[PDB]
């Protein structure tokens, strides 16, 4: 829905302002839209020990889940990288996939252009909960 898309894209851009990224100096914002229209946002949060950082998409998803929301319709991602749409890393894709494959990922540039792909399209033939079921 055009109302929700625009709010989501702006929320992702705004979330970027809170990024804690003194090591990469590469800020990332994300915003997730739930089934009932609520938006949760997040940013990357780095650690002196690089592996202990977290991505924007996961900050947003983790916030939503902690507040009792597991039904996601879309997630938008923003960065300062001008030359390419910001794409989720594989770890973020796997966390997205834990909560379904059919939902939309908006990969943006600072100028407001974007491309959309589903979680399924971004993580084909995925490992998932089904592997551990039965």
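Numbering follows the first chain given and starts at 1.
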| property | result |
| --- | --- |
| Stretch exceeding the other in mean C-alpha B-factor - 5-13, 106-114 | 5-13 |
| Stretch with the greater mean C-alpha B-factor as recorded in the entry, comparing 45-53 against 69-77 | 69-77 |
| Relative C-alpha B-factor of residue 101, binned into the chain's lowest, middle or highest third | highest |
| Residue 24 - which third its CA temperature factor falls in, relative to the rest of the chain | lowest |
